[PDB]
Amino acid sequence: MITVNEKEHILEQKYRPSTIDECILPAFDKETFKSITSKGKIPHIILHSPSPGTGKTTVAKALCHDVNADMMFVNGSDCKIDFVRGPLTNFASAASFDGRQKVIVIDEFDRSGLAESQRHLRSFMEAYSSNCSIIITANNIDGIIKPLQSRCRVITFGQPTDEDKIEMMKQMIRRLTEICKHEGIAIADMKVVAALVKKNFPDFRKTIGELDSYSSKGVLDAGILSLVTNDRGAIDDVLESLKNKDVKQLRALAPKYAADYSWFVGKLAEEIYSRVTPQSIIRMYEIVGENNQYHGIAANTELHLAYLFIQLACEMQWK
Amino acid sequence: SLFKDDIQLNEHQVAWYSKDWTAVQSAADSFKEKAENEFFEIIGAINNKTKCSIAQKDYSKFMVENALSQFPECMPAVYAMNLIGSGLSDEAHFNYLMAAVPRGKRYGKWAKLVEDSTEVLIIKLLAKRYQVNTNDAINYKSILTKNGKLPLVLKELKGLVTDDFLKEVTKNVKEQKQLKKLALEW
Amino acid sequence: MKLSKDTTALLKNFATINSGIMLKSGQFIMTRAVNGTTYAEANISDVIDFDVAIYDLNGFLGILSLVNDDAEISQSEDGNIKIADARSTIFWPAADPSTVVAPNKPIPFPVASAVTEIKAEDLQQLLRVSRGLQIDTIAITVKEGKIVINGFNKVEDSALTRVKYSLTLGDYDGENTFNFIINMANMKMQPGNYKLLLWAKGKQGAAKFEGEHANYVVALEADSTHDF
Amino acid sequence: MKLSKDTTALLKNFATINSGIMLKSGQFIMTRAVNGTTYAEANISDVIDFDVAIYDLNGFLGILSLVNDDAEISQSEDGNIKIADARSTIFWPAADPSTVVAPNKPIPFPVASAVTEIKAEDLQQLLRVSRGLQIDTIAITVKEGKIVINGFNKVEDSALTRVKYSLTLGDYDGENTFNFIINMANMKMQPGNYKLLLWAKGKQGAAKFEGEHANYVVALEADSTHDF
Amino acid sequence: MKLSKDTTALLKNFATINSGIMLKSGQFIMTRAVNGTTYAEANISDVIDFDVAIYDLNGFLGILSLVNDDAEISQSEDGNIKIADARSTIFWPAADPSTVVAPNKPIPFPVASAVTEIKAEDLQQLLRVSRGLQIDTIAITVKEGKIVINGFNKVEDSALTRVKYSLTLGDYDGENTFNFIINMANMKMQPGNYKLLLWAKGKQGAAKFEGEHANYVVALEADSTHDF
DNA sequence: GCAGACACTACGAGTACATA
DNA sequence: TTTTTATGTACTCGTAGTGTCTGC
Ligand SMILES: [Mg+2]
């Protein structure tokens, strides 16, 4: 069932889906794409994530493949005004001689300095709408000028329903399993495959890219599961010593993370937010924020970190 | 206008097929339509206590702080992220505000002052000729009405109104009503 | 179906009324301004032996300068244009008819409401003259019996009353004084001697210059008042 | 009063030295920078017929390329100005002298410690070497009996040590030693033959460039060094 | 040592390959691009008498037009480059070799997989057309017992699907079959007749042009295909 | 030979991000 | 339902102006 490109080793690009069905998508989304390929003609479309690797630029090529379009594929950042005047006007005006929908795929078109090109395109789209249609791919919509969103069906990715997420995940697990059969990767514990999917959910590219790096040993066993669910750096020793309100331990961990402070302080905010009660949140930002703020006035940085710990130990009421 | 049968080719089709780009351009310029933002669904969530979670959308510590800066119920919380918030994650600065500023509502109008565009040009002028910063310059104008007759001095300085200087005062053809205005009644 | 110094020359010109063009089979060729204002027909030596539309003429012709004069042009296998040279070959794109404005049919000129003529240097003189002093519009009309042209600058002479150049053509047998106006960028015809037929039936009128190579027809301007 | 093709060009040129200018009646113009670094005088053949101050020069010479060349630039009926044209009339502001830095000092270059000439085509070569060989200071001095120029690079070569450029200007006969350094930035003349008169006693001093279309005088940088 | 027009026209070429260059004593000079894609070797008129590294080639060559066509050159006491003129004199920063990506020596070319030749008359027409035809890459394969060359538009094309151009080079004596694609961009050779040396040991593969002046090597494209 | 036309530069517009 | 601080620094785009060089 699975398309393999075989000119690539890089493996998240080896398994890039050929057709709209091979693609793992939300139900309504897949159905709307089937609907489109059915009518045989392709409208102007925008696909956007903003979460990378949800399949935007893959489904772009697939849509073309299904309707058998004559398709020019173009790097967004390469598509400046002189390109549209030049190469694209040529293609859009020329007649495909098998009677194929002509389609211009502009990938990752959300760059800011192309707004001039995008406006120039708004007039173009109406002039050449009879021949050929445009499929834009973007990570961030606001980088697509409003009159281009007016002219398009804007389809929005990787923001599935609670049910879609549950189905999509099953579908992705089935797929990974199938990729493993093909690749010679032994699955000892299915739990690790369900874990890789869940871990990186919206992003299907990283979820496959992961599989490559945990396959060093050709097998996925309970031992790999520890590294997949496990946290390689973490904060745990501090978070725990904080809850326990002990000090000698906090006093000792200070020098450890004083090393790079701006990063540590960041994690601590991110990680404590989840682990503490609602008005402890508001207190924790005032405490961490103030501490971060004077860092770099404070002369002994290791001490300044100890001071932060003592402060949070006392005032944090833990859920 | 010969031929006398043309299903009118739209403004665009003519621009392009004929390939004069200057007409294609003004056809481009047609939709420039500049507006954007949706920062008020972020303010709204901090207020109404709905859920956004940020991350995905662009965030402005300046824009969120200023918006809330309106209603005194908030100032305590904004005051906070103002002293302390410099140096917090946008993710954080947001999470905080969620858990501090409590009620919810606000209606729109910010407070912006009323500029007498003329009075500003006049102070901006005085501070130029006199190499003083703006507060003395205001003193000078108060003084310079009540004797020494502001027309005497505005007449000397009408000299430098250089239209680079006007761009510093207002932003529109209001700016050209001013070139003329102190070139006149002194 | 090779092409000669003669036939390419006239084509670089049609390329200036309209960038692309549609040519059919004959010793016949013709174009038009996408917007209407202008037109041009011609017959020529070499013989068009197939139907094809072009997008980038000025370009297409440049490409021809690079092969052997004895280069035979054909309709290529798929249906684009094969330009077979000596020891090489070029394939230029046949363009989609529906993206090139060519004349519906070879618009047939009515009978002359008026008749007169023009001289090559006179046309050379005029063309040369206008832009220099900023002129960008003109007007043919009866003056002291004969017919003359009066060049204006409609940018700095809005309502058309400060002539800035003039040329006499030949007197006027018939009898009424009319006033015909044309934009200046609309004067694409190549210098040489042209017989000048003029015409009118409503706020609509025309003007078909006849050369010894090809014919050009130019619309009028909205505020021209015939005397019929 | 009317301003010629050659006068206006010493006006775009005096703008590179002062935003504003004050020329008065006569056939003499002169200006020098708000930072007293740079003095430029020029005798024109259009006779200025009154006393005027402009906050901006390079702004004015703009509303002047448009108007035709009659340009009876007279004085407005309310203290401002009137540019009379073949067929229009324009009004530029006119600044209270308290808003323009004007030289006021047609002080006369004392006497030359040493004199020498430079050929215009050889200003050429230096104004251009320095551009892409990256020079930003030079030093005029005596090598092997003639008076040379050295270009350097104040930034890369912090103390004028490695010479990126030399130029030979015809021998010195007087018996003195000197090293006059000028910051290329503060050098702004349109090319041409130039008499070079350089004066200094002890530590105070300057260099005077005599040219057939203007005169130029600038200040030795901090460290210049001599024995006059 | 001096250099003539002919020499430099070369180095202005070798500049477009590597903006720097290292060169030593002899009548041989060479450069290969930083990124490992092309390379040229040269026997020349003028004679090199000392080793030296030039960081900014494209502009040194420039400085050189700024004095007479004869000025002599050498290694300064200052271990830099001295361009000395009749009247003036320049001193061009000789750079540290560390930083000028040059080739240690000269690597022989694999006795060629395939041989043929190309007229310079012919190759001018390829470049000439390529502008005209937006030909960005080419492929040299075997069509019916003869060696052809095909220009494409990798941009609009993508898969090199349709041929926009096709010179016809030599004939093919041997009995392999291949398709060597070449990035037009990578083709930096002063025009003149060449012998062509192709090579491939499977995934390995390159292309050598053998001039009268210098030899050039360019890398095939990623899926140049063949049975060698 | 000079135009034409090419290749290069300078500038202004819009975006951005770290500081206060 | 509302709408952008001031200073300094960096980068991309389009275009217009600028200059050196070659084919019919
Ligand atoms: Mg993508």
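List the residue pairs whose Cβ atoms are under 9 Å apart, where the first residue sits in the range D:16-36 and is within 21 Å of D:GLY62 (Cβ to Cβ), the second is among the basic types (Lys, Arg) and in a loop (DSSP other than H, G, I, E, B), and the two are 6 or more positions apart or on different chains.
D:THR16/D:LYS188; D:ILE17/D:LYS188
Out of the residues in the range A:50-75 that are within 14 Å of chain B (Cβ to nearest Cβ) and near the ligand (Cβ under 10 Å from one of its atoms), state the one that is surrounded by the fewest Cβ atoms within 10 Å (Cβ to Cβ).
Step one: of the range A:50-75, the residues within 14 Å of chain B (Cβ to nearest Cβ) are A:50-52, A:54.
The next check asks that each one be near the ligand (Cβ under 10 Å from one of its atoms); those that pass are A:52, A:54.
Numbers: A:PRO52: 13, A:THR54: 26.
The extreme case among them is A:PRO52.
Suppose we filter A:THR89, A:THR54, A:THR58 for residues that are outside any helix (DSSP H, G or I) and among the polar types (S, T, N, Q); which single one remains? Spell out how you get there, then give the answer.
Working: A:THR89 fails: outside any helix (DSSP H, G or I); A:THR58 fails: outside any helix (DSSP H, G or I).
Only one candidate passes the filter, namely A:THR54.
From the residues in the range C:158-172 that are without any contact (Cβ under 8 Å) to a residue 12 or more places away in the chain and not hydrophobic (A, V, I, L, M, F, W, C), which one is surrounded by the fewest Cβ atoms within 10 Å (Cβ to Cβ)? Full working, then the answer.
First pass over the range C:158-172, keeping only residues without any contact (Cβ under 8 Å) to a residue 12 or more places away in the chain: C:158-159, C:161-162.
Next, from what is left, pick out any that are not hydrophobic (A, V, I, L, M, F, W, C): C:158, C:161-162.
Details: C:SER158: 10, C:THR161: 8, C:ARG162: 12.
By that ranking, first place goes to C:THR161.
Looking only at the range A:60-98, filter to residues that are aliphatic (A, V, I, L, M) and touching a residue at least 40 places away in the same chain (Cβ under 8 Å); which one of those is nearest to A:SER117 (Cα to Cα)?
Residues of the range A:60-98 that are aliphatic (A, V, I, L, M), as a first pass: A:60, A:62-63, A:67, A:69, A:71-72, A:74, A:81, A:84, A:88, A:92, A:94-95.
Add one more test, that the residue is touching a residue at least 40 places away in the same chain (Cβ under 8 Å), and what stays is A:60, A:62-63, A:84, A:92.
Working: A:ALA60: 21, A:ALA62: 26, A:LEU63: 24, A:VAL84: 7, A:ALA92: 16 Å.
This residue is A:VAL84.
Those residues that are in a loop (DSSP other than H, G, I, E, B) and either within 30 Å of B:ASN139 (Cβ to Cβ) or within 16 Å of the ligand (Cβ to nearest atom) (or both), I need them from the range B:73-128; list them, please. First the steps, then the outcome.
First, the residues of the range B:73-128 that are in a loop (DSSP other than H, G, I, E, B): B:73-74, B:84-89, B:101-116.
Once the filter is applied, which keeps residues that are in a loop (DSSP other than H, G, I, E, B) and either within 30 Å of B:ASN139 (Cβ to Cβ) or within 16 Å of the ligand (Cβ to nearest atom) (or both), the range B:73-128 yields B:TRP110, B:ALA111, B:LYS112, B:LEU113, B:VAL114, B:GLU115, B:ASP116.
Quick check on C:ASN68: is it more than 16 Å from DNA strand F (Cβ to nearest atom) and closer than 27 Å to C:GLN204 by Cα?
On the way: more than 16 Å from DNA strand F (Cβ to nearest atom): yes; closer than 27 Å to C:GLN204 by Cα: no.
Here the answer is no, as C:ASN68 does not meet what is asked.
Within the range B:65-81, is even one residue away from DNA strand F (no atom under 16 Å from the Cβ), surrounded by 16 or more Cβ atoms within 10 Å (Cβ to Cβ) and closer than 30 Å to A:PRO147 by Cα?
no
Report the residue count in the range B:1-54 for those that are closer than 23 Å to A:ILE144 by Cα, away from DNA strand G (no atom under 12 Å from the Cβ) and touching a residue at least 24 places away in the same chain (Cβ under 8 Å).
1
Go through the range C:4-43 residue by residue and tally those that are more than 14 Å from chain B (Cβ to nearest Cβ) and surrounded by fewer than 20 Cβ atoms within 10 Å (Cβ to Cβ). Let's see the steps before the verdict.
Initially, the range C:4-43 is screened for residues more than 14 Å from chain B (Cβ to nearest Cβ), giving C:4-13, C:23-29, C:42-43.
Checking the rest, the ones that are also surrounded by fewer than 20 Cβ atoms within 10 Å (Cβ to Cβ) come to C:4-10, C:12-13, C:23-28, C:42-43.
Summing the residues that are more than 14 Å from chain B (Cβ to nearest Cβ) and surrounded by fewer than 20 Cβ atoms within 10 Å (Cβ to Cβ) in the range C:4-43 gives 17.
Every residue in the range A:92-112 that is more than 10 Å from chain C (Cβ to nearest Cβ) and either on the phi > 0 side of the Ramachandran plot or in a strand (DSSP E or B) (or both), please.
Looking only at the range A:92-112, we keep the residues that are more than 10 Å from chain C (Cβ to nearest Cβ), and these are A:99-101, A:103-112.
A:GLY99, A:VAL103, A:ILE104, A:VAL105, A:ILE106, A:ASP107, A:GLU108 - these are the residues of the range A:92-112 that are more than 10 Å from chain C (Cβ to nearest Cβ) and either on the phi > 0 side of the Ramachandran plot or in a strand (DSSP E or B) (or both).
Report whether or not B:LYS57 is charged (D, E, K, R), in contact (Cβ under 8 Å) with a residue 24 or more places away in the chain and either more than 27 Å from A:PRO52 (Cβ to Cβ) or within 16 Å of DNA strand G (Cβ to nearest atom) (or both). Before you say what the answer is, go through the steps one by one.
Working: charged (D, E, K, R): yes; in contact (Cβ under 8 Å) with a residue 24 or more places away in the chain: no; either more than 27 Å from A:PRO52 (Cβ to Cβ) or within 16 Å of DNA strand G (Cβ to nearest atom) (or both): yes.
Against the criterion (charged (D, E, K, R), in contact (Cβ under 8 Å) with a residue 24 or more places away in the chain and either more than 27 Å from A:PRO52 (Cβ to Cβ) or within 16 Å of DNA strand G (Cβ to nearest atom) (or both)), B:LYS57 does not qualify.
So D:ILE149 ticks every box in (1) among the β-branched types (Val, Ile, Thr); (2) away from chain E (no Cβ under 14 Å); (3) within 22 Å of the chain's Cα centre (by Cα); (4) under 16 Å from D:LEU220 (Cβ atoms) but one. Which box is left unticked?
Single failed check for D:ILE149: (2).
Has the range C:79-89 got any residue that is among the aliphatic types (A, V, I, L, M) and buried (at least 18 other Cβ atoms within 10 Å of the Cβ)? Spell out how you get there, then give the answer.
Here is the first cut: in the range C:79-89, the residues among the aliphatic types (A, V, I, L, M) are C:81, C:83-84, C:86.
Subset that is buried (at least 18 other Cβ atoms within 10 Å of the Cβ): C:81, C:83.
Scanning the range C:79-89, I find at least one residue that is among the aliphatic types (A, V, I, L, M) and buried (at least 18 other Cβ atoms within 10 Å of the Cβ), so the answer is yes.
Look at B:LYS128 and say whether it is within 14 Å of chain D (Cβ to nearest Cβ) and of a type in the set (D, E, K, R).
Working: within 14 Å of chain D (Cβ to nearest Cβ): yes; of a type in the set (D, E, K, R): yes.
It is true that B:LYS128 is within 14 Å of chain D (Cβ to nearest Cβ) and of a type in the set (D, E, K, R).
Return yes or no: is B:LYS34 outside any helix (DSSP H, G or I) and within 13 Å of chain A (Cβ to nearest Cβ)? It would help to see each step written out before you state the result.
Working: outside any helix (DSSP H, G or I): yes; within 13 Å of chain A (Cβ to nearest Cβ): yes.
Answer is yes for this residue.
Which numbered condition in (1) touching a residue at least 12 places away in the same chain (Cβ under 8 Å); (2) not in a loop (DSSP other than H, G, I, E, B) is the only one that E:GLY79 fails?
Exception for E:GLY79: condition (2).
Specify which of the listed residues (E:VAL155, E:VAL163) is outside any strand (DSSP E or B), within 11 Å of chain C (Cβ to nearest Cβ) and under 30 Å from A:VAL84 (Cβ atoms). So that I can check it myself, show each step before the final result.
Details: E:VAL155 fails: within 11 Å of chain C (Cβ to nearest Cβ).
Unique residue meeting the criteria: E:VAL163.
When the range A:103-129 is examined, which residues are found to be out of contact with any helix residue (DSSP H, G or I) (no Cβ under 7 Å at 6 or more places or on another chain) and away from DNA strand G (no atom under 13 Å from the Cβ)?
Residues satisfying the conditions are A:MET125, A:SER129.
With the condition kept exactly as written, say whether any residue in the range A:7-19 is closer than 24 Å to A:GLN101 by Cα, within 16 Å of DNA strand G (Cβ to nearest atom) and out of contact with any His (no Cβ under 8 Å at 6 or more places or on another chain).
no
Output the residue which, of all residues in the range D:108-144 that are away from chain E (no Cβ under 14 Å) and out of contact with any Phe, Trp or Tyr (no Cβ under 9 Å at 6 or more places or on another chain), is nearest to D:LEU23 (Cα to Cα).
Across the range D:108-144, the extreme among qualifying residues is D:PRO108.
Can you tell me how many residues within the range A:89-113 are farther than 20 Å from A:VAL67 by Cβ and within 16 Å of the ligand (Cβ to nearest atom)?
Total meeting the criteria: 4.
Does A:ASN140 qualify as being assigned by CATH to the domain that holds A:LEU63, within 16 Å of DNA strand F (Cβ to nearest atom), more than 18 Å from A:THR37 (Cβ to Cβ) and not charged (D, E, K, R)? Let's see the steps before the verdict.
Values: assigned by CATH to the domain that holds A:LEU63: yes; within 16 Å of DNA strand F (Cβ to nearest atom): yes; more than 18 Å from A:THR37 (Cβ to Cβ): yes; not charged (D, E, K, R): yes.
Taking the combined requirement at face value, the residue satisfies it.
Quick one: A:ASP142 ticks every box in (1) over 26 Å from A:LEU11 (Cα atoms); (2) more than 14 Å from chain B (Cβ to nearest Cβ) bar one, so which box is it?
A:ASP142 satisfies all of (1) over 26 Å from A:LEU11 (Cα atoms); (2) more than 14 Å from chain B (Cβ to nearest Cβ) except (2).
Quick one: which residue in D:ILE140, D:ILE107 is β-branched (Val, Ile, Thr) and farther than 30 Å from E:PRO93 by Cβ? Give the steps one after another, and end with the answer.
Values: D:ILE140 fails: farther than 30 Å from E:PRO93 by Cβ.
Checking each option against the conditions leaves just D:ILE107.
Quick one: in the range B:22-31, of everything that is within 8 Å of chain A (Cβ to nearest Cβ) and assigned to a helix (DSSP H, G or I), which residue is nearest to the ligand (Cβ to nearest atom)?
Filtering the range B:22-31 for residues within 8 Å of chain A (Cβ to nearest Cβ) gives B:24-25, B:27-31.
The next check asks that each one be assigned to a helix (DSSP H, G or I); those that pass are B:24-25, B:27-29.
Numbers: B:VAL24: 30, B:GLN25: 31, B:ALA27: 31, B:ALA28: 27, B:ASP29: 31 Å.
This residue is B:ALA28.
Which of the residues that make up the range D:179-200 are touching a residue at least 60 places away in the same chain (Cβ under 8 Å) and not aliphatic (A, V, I, L, M)? Walk me through it before giving the result.
First, pick out the residues of the range D:179-200 that are touching a residue at least 60 places away in the same chain (Cβ under 8 Å): D:186, D:188-200.
D:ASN186, D:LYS188, D:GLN190, D:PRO191, D:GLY192, D:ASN193, D:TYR194, D:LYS195, D:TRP199 - these are the residues of the range D:179-200 that are touching a residue at least 60 places away in the same chain (Cβ under 8 Å) and not aliphatic (A, V, I, L, M).
C:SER224 - would you say it is in contact with a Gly (Cβ under 8 Å, 6 or more places away or on another chain) and surrounded by 15 or more Cβ atoms within 10 Å (Cβ to Cβ)?
yes
Within the range B:40-62, how many residues turn out to be within 12 Å of DNA strand F (Cβ to nearest atom), within 14 Å of another protein chain (Cβ to nearest Cβ) and not small (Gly, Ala, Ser)?
Just the residues of the range B:40-62 that are within 12 Å of DNA strand F (Cβ to nearest atom), to begin with: B:58-62.
Narrowing the set further to residues that are within 14 Å of another protein chain (Cβ to nearest Cβ) leaves B:58-61.
Subset that is not small (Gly, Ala, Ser): B:58-59, B:61.
Residues that pass the stated criteria total 3.
What is reported rests on the model, the rules as stated and the sources as named; none is laboratory data. No Cβ is skipped: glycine too gets one built from the backbone with ideal geometry, and neighbour counts run over all protein chains shown.
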